[PDB]
Amino acid sequence: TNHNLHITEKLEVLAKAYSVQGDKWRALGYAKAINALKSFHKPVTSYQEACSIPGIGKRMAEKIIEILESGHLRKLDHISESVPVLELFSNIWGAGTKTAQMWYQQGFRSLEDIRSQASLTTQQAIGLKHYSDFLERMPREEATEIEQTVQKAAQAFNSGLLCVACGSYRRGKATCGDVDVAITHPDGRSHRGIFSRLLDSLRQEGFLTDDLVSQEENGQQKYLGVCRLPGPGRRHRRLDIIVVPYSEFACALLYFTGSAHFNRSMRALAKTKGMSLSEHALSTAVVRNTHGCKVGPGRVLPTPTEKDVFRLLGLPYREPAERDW
DNA sequence: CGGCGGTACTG
DNA sequence: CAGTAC
DNA sequence: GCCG
Ligand SMILES: Nc1ccn([C@H]2C[C@H](O)[C@@H](COP(=O)(O)OP(=O)(O)OP(=O)(O)O)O2)c(=O)n1
Ligand SMILES: [Ca+2]
Ligand SMILES: [Ca+2]
């Protein structure tokens, strides 16, 4: 469906360069531009046509036409030499751009330098230890196996527990970066307490190997960690689990499915219509002072299904595969 | 030009 | 609070 | 980077 693949391919490189350098807004504009380019019903044939597309302005149109007519993008040949290294360091889970810059500034140029000389948080050490595993997208069959491991451990405490793999898996992609499992109960009550029990059950199976984010003191809806399927040669994989009350399930699912750019656009649109959208609920506009500052949430508008959220936002419903932005 | 999603942990 | 993540 |  992407009729501008040669253009978007080269735009994404520049976008990634801006991203690993910490120019997050520039990268955002690029992301919206590239998404708009991939959804266009036709290969772009002129500057004027490109400019008429939302998300694309003069500066982006210049590059689009440059790639269209020459087949190349000169700016790519002028990208800083630090960028491949900053990208290398950014590929470590737990390490972002500030950290990458700092490491580069300290002279580090390889994962080996990071291993032997760099100061690493617990999360960064886990990310470094499983660098290759976490960087490799898994086949969705493996994601299925992981999801059903979690589901099997969950429904053992309560067979009525609903478990849905979200993220790229739910959007139907052939490969997944990590497994995203949402859990709830139509009951409305028996979703409570299952967090500790599920985590313990998965730990005793030897399924969970590392924890990145899990605040267990709190009787907590989110877990970020690492798992590995039983059997020889199995890779470590990133696993994220959310447990939500049924009344929020639709917004949770929607959030979890994404994609992230889809979520940002949808929340922006909600904001323009005097509403607020989060993983918890679709609500009315947040409460503000004389100053523009927010001081309180808006009133929750009940949403049993994703379609209800689309409805209350005045949007045509889209299946998960149509949210793959 | 200023704003750019809404949220949550870790240390 | 800065950084990072979903 | 784009948009209003
Ligand atoms: N900045 C972000 C990152 C993620 N998400 C949400 C939407 C995503 O779909 C979901 C899962 O995040 P992932 O990092 O797992 O991204 P995907 O599953 O969509 O793709 P991938 O296969 O690369 O993991 O969380 C979001 O709202 N905002
Ligand atoms: Ca994922
Ligand atoms: Ca994830």
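The figures here come from the full heavy-atom set of this structure, side chains too, leaving out hydrogens, waters and symmetry mates. Below, read A as the first sequence line, B as the second, and so on, with proteins coming before strands; counting in each chain starts at 1.
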K.L.:
For A:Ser265, which contact category applies under a 4.0 Å heavy-atom criterion: base, sugar-phosphate, or nothing?
P.N.:
nothing

K.L.:
Set out, line by line, the N/O atom pairs under 3.5 Å between protein and nucleotides 2-4 of chain D.
P.N.:
unit_1 : atom_1 : unit_2  : atom_2 : d
D:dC2  : OP1    : A:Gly57 : N      : 3.0
D:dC2  : OP1    : A:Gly57 : O      : 3.3
D:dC2  : OP1    : A:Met60 : N      : 3.0
D:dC2  : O3'    : A:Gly55 : N      : 3.4
D:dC3  : OP1    : A:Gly55 : N      : 2.8

K.L.:
Should the pair A:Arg109 and A:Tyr104 be classed as cation-pi, given the thresholds of under 6.0 Å to the six-membered ring centre and 45° from the axis?
P.N.:
yes

K.L.:
Whole Å only: how far is the CH2 atom of A:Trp25 from the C1' atom of B:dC4?
P.N.:
5 Å

K.L.:
Should the pair A:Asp113-A:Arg115 be classified as a salt bridge under the 4.0 Å nitrogen-to-oxygen rule?
P.N.:
no

K.L.:
Considering every strand and a 4.0 Å limit on heavy-atom distances, what is the contact class for A:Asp180: base, sugar-phosphate, or nothing?
P.N.:
sugar-phosphate

K.L.:
side-chain hydrogen bond (donor to acceptor under 3.5 Å, both in side chains) with A:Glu145: which residues, sequence neighbours excluded?
P.N.:
A:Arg234

K.L.:
Determine, using the 4.5 Å side-chain heavy-atom cutoff (strictly less than), whether A:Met102 and A:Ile114 are members of one ILVMFWY cluster.
P.N.:
yes

K.L.:
Applying side chain to side chain contact (heavy atoms under 4.5 Å, CB included), can you list everything that pairs with A:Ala33, at least two apart in sequence or on another chain?
P.N.:
A:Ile56, A:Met60

K.L.:
Looking just at side-chain N and O atoms, do A:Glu66 and A:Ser70 make a donor-acceptor pair shorter than 3.5 Å?
P.N.:
no

K.L.:
Does the side chain of A:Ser190 come under 3.5 Å of the side chain of A:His185 through a donor N or O and an acceptor N or O?
P.N.:
yes

K.L.:
Mind running side chain to side chain contact (heavy atoms under 4.5 Å, CB included) on A:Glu279 and A:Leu254 for me, showing each step along the way?
P.N.:
CA-CA 7 Å; A:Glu279 38 268 54; A:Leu254 173 77; over 6 Å; no

K.L.:
Do A:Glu9 and A:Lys38 sit within salt-bridge range, that is, some charged N less than 4.0 Å from a carboxylate O?
P.N.:
no

K.L.:
Does A:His280 put a side-chain nitrogen or oxygen below 4.0 Å from OP1 or OP2 of B:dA8?
P.N.:
yes

K.L.:
Which listed nucleotide (B:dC4, B:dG6, B:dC9) is nearest to the side chain of A:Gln215?
P.N.:
B:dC9

K.L.:
Specify the separation, in whole Å, of atom NE2 of A:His261 and atom P of B:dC4.
P.N.:
16 Å

K.L.:
How would you list all residue pairs meeting side-chain hydrogen bond (donor to acceptor under 3.5 Å, both in side chains) that involve residues 283-303 of chain A, not counting sequence neighbours?
P.N.:
none

K.L.:
If you apply the rule side chain to side chain contact (heavy atoms under 4.5 Å, CB included), what do you find for A:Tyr246 with A:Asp187, and how did you get there?
P.N.:
CA-CA 7 Å; A:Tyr246 198 59; A:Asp187 191 281; over 6 Å; no

K.L.:
Do any pairs count as a ring pair (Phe, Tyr, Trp, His ring centres under 6.0 Å) and have a residue in residues 52-102 of chain A, sequence neighbours left out, and if so which ones?
P.N.:
A:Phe89-A:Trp103

K.L.:
So what does A:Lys24 hit on the nucleic acid, given a heavy-atom distance under 4.0 Å: a base, only sugar-phosphate, or nothing?
P.N.:
nothing

K.L.:
Please state the P separation for the pair D:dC3 and B:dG5 - nearest whole angstrom.
P.N.:
15 Å

K.L.:
Where along residues 66-96 of chain A does a heavy atom come under 4.0 Å from DNA chain C, residue by residue in number order?
P.N.:
A:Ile92, A:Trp93, A:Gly94, A:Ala95, A:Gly96

K.L.:
Any idea how A:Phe262 and A:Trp325 line up, ring-wise: parallel (<30°), tilted (30 to 60°), or perpendicular (>60°)?
P.N.:
perpendicular

K.L.:
Among residues 102-129 of chain A, which ones have heavy-atom contacts with DNA chain C below 4.0 Å?
P.N.:
none

K.L.:
Expected output is a numbered-order residue list: members of residues 306-325 of chain A with a heavy atom under 4.0 Å from any atom of DNA chain C. What is it?
P.N.:
none

K.L.:
Identify, via the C1'-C2'-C3'-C4' dihedral, which side the sugar of C:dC1 sits on: north or south.
P.N.:
south

K.L.:
Who are the salt bridge (charged side-chain N to carboxylate O under 4.0 Å, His left out) partners of A:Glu69, not counting sequence neighbours?
P.N.:
none

K.L.:
When the distance from CE of A:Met266 to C1' of B:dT7 is rounded to whole Å, what number comes out?
P.N.:
17 Å

K.L.:
Rounded to the nearest angstrom, tell me the gap between atom CG in A:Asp211 and atom P in B:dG11.
P.N.:
11 Å

K.L.:
Working note: A:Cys251 + A:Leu277, criterion side chain to side chain contact (heavy atoms under 4.5 Å, CB included); need CA distance, chi angles, decisive distance, verdict.
P.N.:
CA-CA 8 Å; A:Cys251 279; A:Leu277 173 69; 4.2 Å; yes

K.L.:
Just how far, in rounded Å, is P of B:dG5 from CZ of A:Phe262?
P.N.:
15 Å

K.L.:
At under 4.0 Å between heavy atoms, what does A:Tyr18 touch on the DNA or RNA strands: base, sugar-phosphate, or nothing?
P.N.:
sugar-phosphate

K.L.:
Not counting sequence neighbours, list each pair that qualifies as a side-chain hydrogen bond (donor to acceptor under 3.5 Å, both in side chains) and has a residue in residues 165-176 of chain A.
P.N.:
A:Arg137-A:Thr175, A:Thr144-A:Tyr169, A:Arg170-A:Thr257, A:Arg170-A:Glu306, A:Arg171-A:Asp324

K.L.:
Under a criterion of less than 4.0 angstrom to any heavy atom of chain A, what are the 5'-terminal and 3'-terminal contacting nucleotides of DNA chain C?
P.N.:
C:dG3 to C:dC6

K.L.:
Between atom NZ in A:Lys271 and atom P in B:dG3, what is the gap in whole Å?
P.N.:
10 Å

K.L.:
Heavy atoms under 4.0 Å, any strand shown: does A:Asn263 hit a base, just sugar-phosphate, or nothing?
P.N.:
base

K.L.:
Would you mind checking if A:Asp200 and A:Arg197 are paired as a salt bridge, meaning a charged N to carboxylate O distance below 4.0 Å?
P.N.:
no

K.L.:
Output the rounded distance in Å from CD (A:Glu216) to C1' (B:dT10).
P.N.:
14 Å

K.L.:
When you compare the side chains of A:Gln123 and A:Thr121, does any donor N or O come within less than 3.5 Å of an acceptor on the partner?
P.N.:
no

K.L.:
Measuring to OP1 and OP2 of B:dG5, would you say a side-chain N or O of A:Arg264 lies under 4.0 angstrom away?
P.N.:
yes

K.L.:
Out of the candidates A:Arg237, A:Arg235, A:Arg228, only one should pair with A:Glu142 under the salt bridge (charged side-chain N to carboxylate O under 4.0 Å, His left out) rule; please name it.
P.N.:
A:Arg237

K.L.:
Just to be sure I understand: a Watson-Crick pair is purine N1 to pyrimidine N3 plus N6-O4 or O6-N4, both under 3.5 Å. Using that and G-U wobbles, which stems of three or more pairs involve DNA chain B?
P.N.:
B:1-4 with D:1-4, B:6-11 with C:1-6

K.L.:
In whole Å, what is the span from the OH atom of A:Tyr255 to the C1' atom of B:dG6?
P.N.:
9 Å

K.L.:
In terms of side-chain heavy atoms, does A:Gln151 have a donor or acceptor partner in A:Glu147 at a distance below 3.5 Å?
P.N.:
yes

